[PDB]
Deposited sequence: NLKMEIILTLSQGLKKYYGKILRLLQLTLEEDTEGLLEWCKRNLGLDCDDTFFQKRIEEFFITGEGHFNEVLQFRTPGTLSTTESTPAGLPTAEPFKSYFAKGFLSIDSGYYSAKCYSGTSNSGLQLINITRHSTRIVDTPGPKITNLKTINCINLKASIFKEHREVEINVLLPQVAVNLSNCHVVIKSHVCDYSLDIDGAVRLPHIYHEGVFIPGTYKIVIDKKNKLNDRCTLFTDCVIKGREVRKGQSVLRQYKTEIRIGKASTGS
């Protein structure tokens, strides 16, 4: 069937959220026409990658609502509310970024060997170099700053908001934190992100973080501190 501007923009965004790997589902039925009728082109996967790449990295000044640099009102810097109705993310253009706040994860990963270590890590005593915690007792909220996003952080009964210089979105599903994936001659994710946990929400009563605690060892080899890591839990909820 036909879709108006309103319904088609939601599915258009729904496809972007799927390609960014923030969603695992989509409603794109009718979208292909919608791009022929309202945009006069064929919006295959190649087209959508070019829109993601150009919006987040290779900007060209002013962008419109469909991530091109109807839909003749081109904006400036800031954010599109990529909202499919089913899900949404506040994503920022690369024109509003000073440098490249993304890292290239197809490039080789520094070796990190596993080691014995504390199974429980206290939120006030986090010696991991990949995680930095801020406790806001006044606001009853916790902000976890992830410094090495390539090391997974897994949520367990958590209702969090992910904040970054790329996209901002909510996470409510157990498992590894989903991050935006952009393709620019390789795979790119944000260089840092922030997990915001509101302890005033009953849904976070048992919020626990599972991650690899990365540690700089005493040994310096090849002019670098050797890295070791151990699996650990950071309990954040009251009754965790």
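Unmodelled regions of the deposited sequence, numbered from residue 1: 1-5, 75-94, 266-268.
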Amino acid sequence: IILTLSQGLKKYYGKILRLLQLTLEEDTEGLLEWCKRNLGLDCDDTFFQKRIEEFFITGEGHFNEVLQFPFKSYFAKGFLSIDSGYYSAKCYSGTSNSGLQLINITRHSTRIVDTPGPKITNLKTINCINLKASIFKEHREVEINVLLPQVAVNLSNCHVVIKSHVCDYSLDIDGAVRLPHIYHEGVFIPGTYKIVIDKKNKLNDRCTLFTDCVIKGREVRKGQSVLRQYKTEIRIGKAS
From here on, numbers count along this sequence of modelled residues.
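Stretches 7-15 and 224-232 differ in mean C-alpha B factor, with the higher average recorded for 7-15. Comparing 129-137 with 112-120, the stretch with the higher mean C-alpha B-factor in the PDB entry is 129-137. Among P180, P70, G175, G30, the highest C-alpha B-factor in the deposited entry belongs to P70. When the modelled residues of the chain are ordered by their C-alpha B factor, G99 lands in the highest third. Sort the chain's modelled residues by C-alpha temperature factor and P149 lands in the lowest third, per the entry.
Compared with the other modelled residues of the chain, the Cα B-factor recorded for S156 ranks in the lowest third. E60: CA B factor lies in the highest third for its chain, per the PDB record. Among all modelled residues in this chain, the alpha-carbon of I52 has a temperature factor (C-alpha) in the middle third.
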